[PDB]
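For reference, the structure is listed below as structure tokens.
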Amino acid sequence: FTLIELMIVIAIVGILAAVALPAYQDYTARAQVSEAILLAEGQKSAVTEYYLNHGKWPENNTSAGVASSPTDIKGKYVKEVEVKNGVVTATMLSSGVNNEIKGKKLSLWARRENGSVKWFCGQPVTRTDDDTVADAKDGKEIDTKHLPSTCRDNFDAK
Amino acid sequence: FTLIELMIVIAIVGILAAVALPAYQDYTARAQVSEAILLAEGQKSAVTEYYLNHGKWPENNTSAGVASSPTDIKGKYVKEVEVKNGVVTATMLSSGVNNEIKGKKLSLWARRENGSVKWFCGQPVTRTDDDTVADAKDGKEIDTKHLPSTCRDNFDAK
Amino acid sequence: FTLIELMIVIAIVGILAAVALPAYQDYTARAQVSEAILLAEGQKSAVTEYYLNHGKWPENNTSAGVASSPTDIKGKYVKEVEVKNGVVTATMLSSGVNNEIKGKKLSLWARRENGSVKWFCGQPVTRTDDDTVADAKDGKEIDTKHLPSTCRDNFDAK
Amino acid sequence: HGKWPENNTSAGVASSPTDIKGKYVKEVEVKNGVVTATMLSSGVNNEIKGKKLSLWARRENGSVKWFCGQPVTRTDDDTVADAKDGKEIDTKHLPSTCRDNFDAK
Amino acid sequence: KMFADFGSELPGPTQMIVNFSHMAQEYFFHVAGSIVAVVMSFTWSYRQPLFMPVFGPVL
Amino acid sequence: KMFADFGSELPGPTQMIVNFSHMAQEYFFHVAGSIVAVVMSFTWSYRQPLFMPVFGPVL
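Residue numbers (my numbering), protein chains in the order written: chain A, 12 to 169; chain B, 12 to 169; chain C, 12 to 169; chain D, 429 to 533; chain E, 10 to 68; chain F, 10 to 68.
This is how it looks when you write it as structure tokens:
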């Protein structure tokens, strides 16, 4: 006979949350990845200096002169950050993150410019030789959709 | 004999407002607290620098090099922001806020990482020693329900 | 009869993006220009030394002792950086930038202080004599709105 | 990037159109920046099922502006056109805020 | 309907904040007592315009 | 009176914060429509329980 204004408006806010759910869920993940990136960076300094001073990429965190323990460079969504031959990889925690990005990671690696180096940011990579890396293809890479426009670099970016 | 469509639909919008009342009232409070947090932050800079440059936490706002007057770091819902030995506490005004959060506050404190510091955000805390704080247990802490997921830190968070 | 909460809130986020569109679009461009500036600088060193050691401004990159190829001093938003008689100009790429700043550029030039030099930063300029430059008026200058407060120098700044 | 996302995956959303469905929505596909929503076949009116609308944007230069209206196709990076075909949700069913024409600026 | 519209919290009602469908279904009692009232006055208006022998219709 | 007591901001009301005298005077419309309703049902209850010879009450 009457009461449908309360019933529909409680059910439009319910469906509004369902539509606002995936937007906040990738905005959210995309936010948790933007930090793995900040934790990865700022460690470029150590790595850059080590390379320019010696001409060899730092083998591990201790070589680069950073928390000798990968797990000591963690965060809220970051379970750690390891330096492996100049390549700095950031791992996403398992608690406090999206759902399709946890335990997932990215990498920052550089290239000899000769007198200086240039840095790249993208999906996990392994270093082959002092001037070549390759996709650490394995299945734990953070999905392209969660990576900034500034971190879409490919293993062979120059 | 007839007119019930106008009577029920005016009474479903009335009850719709009553159901939408508590949702807008915590969404609202949760919004007024999210600012106390923004006002508390951005003062991390002063405090961080003071600590790294001297190895001692800033005793008060003036030491940290910020509005020497706590009341000078207020807002719409924020009655102020005081720095007490590196700990930055934000107080909720008494006018313009929820009802169960006014005159209530939170704290931001940091910890020596050795070469850098890490910040925490949560319910009011007091600093004991240069690397230890404790619950400013007293009854004026902003209730957990009003605090973001990013500001649920405990006095002993590391 | 009911569902307007979902319809309005999906249409307020839509218009919120439209209002947040121009803010992120100049903040963005202003960010891509701030780099053209960083790429232009750090090349002041070469140019300064060349001038103080010889009393003549470096004619080109090779003279200044930098990547003999302008295109070798490029970036993400920077298509290059050329040294033309001590004046260092940075060109904005065509891909990855705003829209009203691509292919656009700025210049850094210096002036003999006698025993040292002082640097300026602003819209493209050409060098006339060893102590005078002029607007490279042509239409490809990065618009004043996109330039930092520290890079508003005029051709005759002293 | 300065280019419109070709499809859902490019835009970084449920790679599957059908994964962005609802009660009355059978899906939502991103086709070159244009986002079209299809009305399910079950649980809806009668003259709107299997029918859809589109949201598309335009370069403002430094930002973009969004439009909402009847299905459209993207021609070039700054031009779309009526996806004239007969499955558009009828004007009477569209909000006042979603009456945009293919050439709205 | 007039005595049952004299406010809220009568005998058998609900509070107005319930969901409409539940409110209307609980009152179904009263919607039913009204229809029965109707059927009755309709019957009176339609109709109207053991000793075994005692039971037979006589003249 | 009971439909007009279902909440505030009906058709023709006022907001409750007006001064009482003005609120009561604006509603005077409805106070009047009620009295007329009364007078009517009273009239129905009170009533309800030249050829000169043509004008006389006959049998």
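Beta carbons: idealized from backbone N, C-alpha and C, even for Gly.
### Query
Are residue 43 of chain A and residue 108 of chain A close, meaning C-beta to C-beta below 8 Å?
Mapped onto the first sequence, residue 43 of chain A falls at position 32. Mapped onto the first sequence, residue 108 of chain A falls at position 97. Yes, Cβ-Cβ distance for residue 43 of chain A and residue 108 of chain A is below 8 Å.
### Query
Among B:81, B:142, B:124, which has the Cα closest to the Cα of residue 104 of chain B?
Numbered from 1 along the second sequence, position 93 holds the residue referred to as residue 104 of chain B. When each option's Cα is compared against that of residue 104 of chain B, the closest is B:81.
#### Entry: For residue 45 of chain C and residue 500 of chain D, the rounded distance between their alpha carbons
Mapped onto the fourth sequence, residue 500 of chain D falls at position 72. Mapped onto the third sequence, residue 45 of chain C falls at position 34. Distance between the alpha carbons of residue 500 of chain D and residue 45 of chain C is about 38 Å.
### Where residue 480 of chain D falls, given that 16 or more other Cβ within 10 Å makes a residue buried
Counted from its first residue, the fourth sequence places residue 480 of chain D at position 52. Buried, because 16 or more other Cβ atoms sit within 10 Å of the Cβ of residue 480 of chain D.
### Query
Whose C-alpha, out of A:51, A:130, A:110, is nearest the C-alpha of residue 35 of chain A?
Along the first sequence, one-based indexing puts residue 35 of chain A at 24. With distances taken between Cα atoms, residue 35 of chain A lies closest to A:110.
### Task
Name, please, each residue of chain D whose Cβ falls closer than 9 Å to the Cβ of residue 160 of chain A.
Here residue 160 of chain A refers to the residue found at position 149 of the first sequence. The answer, in chain order, is 429.
### Query
So which residues of chain A does residue 497 of chain D contact, with C-beta pairs closer than 8 Å?
Counting from one through the fourth sequence, the residue named residue 497 of chain D turns up at place 69. Those do not exist, as residue 497 of chain D stays about 19 Å from chain A at its closest Cβ, beyond 8 Å.
### Query
Does residue 31 of chain B come within less than 8 Å of chain E when only Cβ atoms are used?
Numbered from its first residue, the second sequence carries residue 31 of chain B at position 20. Not an interface residue.
### Rounded distance between the beta-carbons of residue 139 of chain A and residue 147 of chain A, thought under 8 Å
Position 136 of the first sequence, counting from 1, holds the residue named residue 147 of chain A. Position 128 of the first sequence, counting from 1, holds the residue named residue 139 of chain A. Contact doesn't hold; Cβ gap of about 11 Å is too wide.
### Query
Using a Cβ-Cβ cut-off of 6 Å (strictly less than) and excluding sequence neighbours within five positions of residue 141 of chain C, which residues of its own chain qualify?
Sequence index remark: in the third sequence, residue 141 of chain C carries index 130 (1-based). Cβ neighbours of residue 141 of chain C beyond the five flanking positions: none.
### Task
Taking C-beta pairs closer than 9 Å, name the residues in chain F that residue 16 of chain E reaches, listed in chain order.
Locating residue 16 of chain E in the fifth sequence gives position 7, counting from the first residue. Correct list: 11, 14, 15.
### Task
Check the Cβ of residue 97 of chain B against every Cβ in chain F and list those closer than 8 Å, keeping chain order.
On the second sequence, residue 97 of chain B is found 86 positions in, with the first residue counted as 1. Within chain F, no residue comes near residue 97 of chain B; the closest Cβ sits about 51 Å away, beyond 8 Å.
### Contact under 8 Å by Cβ, residue 202 of chain A with residue 51 of chain A
Outside the displayed span of chain A (12 to 169) sits residue 202 of chain A, for which this structure offers no information.
### Query
Which residue comes first and which comes last in the beta strand (DSSP E) that contains residue 29 of chain E?
For the purposes of this step, residue 29 of chain E is identified with residue 20 of the fifth sequence, where counting begins at 1. Run containing residue 29 of chain E: none in the beta strand (DSSP E); it sits in the alpha helix (DSSP H), 29-55.
### Query
Under 8 Å Cβ-Cβ, which residues of chain D neighbour residue 109 of chain C?
If you number the third sequence from 1, residue 109 of chain C lands on position 98. Result: 489, 490.
### Query
Curious, which full-length beta strand (DSSP E) runs of at least 3 residues does the segment 96-130 of chain B contain?
98-103, 116-123
### Query
Are any of the Cβ atoms in chain B nearer than 8 Å to that of residue 29 of chain E?
The residue labelled residue 29 of chain E in the question sits at position 20 within the fifth sequence. Closer than 8 Å: yes.
### Task
Leaving aside the five residues before and after residue 153 of chain C along the sequence, list all residues of the same chain whose C-beta is less than 6 Å from its C-beta, in chain order.
Residue mapping note: residue 153 of chain C aligns to position 142 of the third sequence, counting from 1. Answer for residue 153 of chain C: 44, 112, 115, 117, listed in chain order.
### Query
So is residue 23 of chain A in contact with chain E if we call contact Cβ pairs under 8 Å?
The residue labelled residue 23 of chain A in the question sits at position 12 within the first sequence. So, not an interface residue.
### Message
Output needed for residue 36 of chain E: all residues of its chain with C-beta closer than 7 Å, excluding positions within five of it in sequence on either side, in chain order.
### Response
As a first step, residue 36 of chain E must be located in the fifth sequence, where it is residue number 27. Answer for residue 36 of chain E: no residue qualifies.
### Message
Beta-carbon within less than 7 Å of residue 130 of chain A's beta-carbon, same chain only, minus the 5 sequence neighbours each way: which residues are those?
### Response
Translated into positions along the first sequence, residue 130 of chain A becomes position 119. Only 55, 119, 121 meet the Cβ criterion.
#### Entry: Three-state secondary structure (DSSP) of residue 77 of chain A
Along the first sequence, one-based indexing puts residue 77 of chain A at 66. Coil.
### Message
Let me see if you follow: with CB-CB separation under 8 Å, is residue 149 of chain A close to chain D or not?
### Response
Counting from 1 along the first sequence, the entry for residue 149 of chain A is found at position 138. Output row for residue 149 of chain A: interface = no.
### Message
I believe residue 89 of chain B touches residue 99 of chain B by the beta-carbon criterion, under 8 Å. Please report the beta-carbon distance rounded to the nearest angstrom.
### Response
Taking the second sequence and counting its residues from 1, the one referred to as residue 89 of chain B is at position 78. Taking the second sequence and counting its residues from 1, the one referred to as residue 99 of chain B is at position 88. Not really, about 12 Å apart at Cβ, beyond 8 Å.
### Query
Comparing alpha-carbon positions, which option in B:169, B:123, B:39, B:13 lies nearest residue 67 of chain B?
Taking the second sequence and counting its residues from 1, one reaches residue 67 of chain B at position 56. That would be B:123, whose Cα lies nearest to the Cα of residue 67 of chain B.
### Query
Is residue 26 of chain E close to chain B, meaning its C-beta is less than 8 Å from at least one C-beta of that chain?
Within the fifth sequence, the letter at position 17 stands for residue 26 of chain E. By this cut-off, residue 26 of chain E is an interface position.
### Message
Does residue 18 of chain F come out as helix, strand or coil in the three-state DSSP assignment?
### Response
What you label residue 18 of chain F is simply residue 9 of the sixth sequence in a count that begins at 1. Residue 18 of chain F: coil per DSSP, three-state reduction.
### Task
Since I believe residue 17 of chain E is in contact with residue 25 of chain E (beta carbons under 8 Å), could you give me their beta-carbon distance rounded to a whole number of angstroms?
In the fifth sequence, counting from the first residue as 1, residue 25 of chain E sits at position 16. In the fifth sequence, counting from the first residue as 1, residue 17 of chain E sits at position 8. Going by Cβ atoms, the distance from residue 25 of chain E to residue 17 of chain E rounds to 6 Å, so yes, they are a contact pair.
### Message
8 Å is my cut-off, CB to CB: does residue 12 of chain B come that close to chain E?
### Response
The residue given as residue 12 of chain B occupies position 1 in the second sequence. So yes, residue 12 of chain B belongs to the interface.
### Query
Under a three-way DSSP split, which group does residue 23 of chain F fall into?
Stepping through the sixth sequence from its first residue, residue 23 of chain F is reached at position 14. Coil at residue 23 of chain F, not helix or strand.
### Message
Can you find the residues in the same chain that come closer than 6 Å, C-beta to C-beta, to residue 451 of chain D, ignoring five residues on each side of it along the sequence?
### Response
Locating residue 451 of chain D in the fourth sequence gives position 23, counting from the first residue. Correct list, in chain order: 471.
### Task
Find out if the Cβ-Cβ distance for the pair residue 126 of chain B, residue 164 of chain B is shorter than 8 Å.
Position 115 of the second sequence, counting from 1, holds the residue named residue 126 of chain B. Position 153 of the second sequence, counting from 1, holds the residue named residue 164 of chain B. No, the pair does not count as a contact, with Cβ atoms beyond the cut-off.
#### Entry: Buried versus exposed call for residue 44 of chain E [16 or more other C-beta atoms within 10 Å across all chains shown]
Numbered from its first residue, the fifth sequence carries residue 44 of chain E at position 35. Result: exposed.
### Query
Using the C-alpha atoms, what's the distance from residue 30 of chain B back to residue 9 of chain E?
The first residue shown for chain E is 10 and the last is 68, placing residue 9 of chain E beyond what the model contains.
#### Entry: Boundaries of the beta strand (DSSP E) in which residue 142 of chain A is found, first to last residue
Taking the first residue of the first sequence as 1, we reach residue 142 of chain A at position 131. First-last for residue 142 of chain A: undefined, no H or E at that position.
### Query
Applying a beta-carbon distance threshold of less than 8 Å, which residues of chain C neighbour residue 493 of chain D?
Here the question's residue 493 of chain D lines up with position 65 in the fourth sequence. Correct list: 29, 32.
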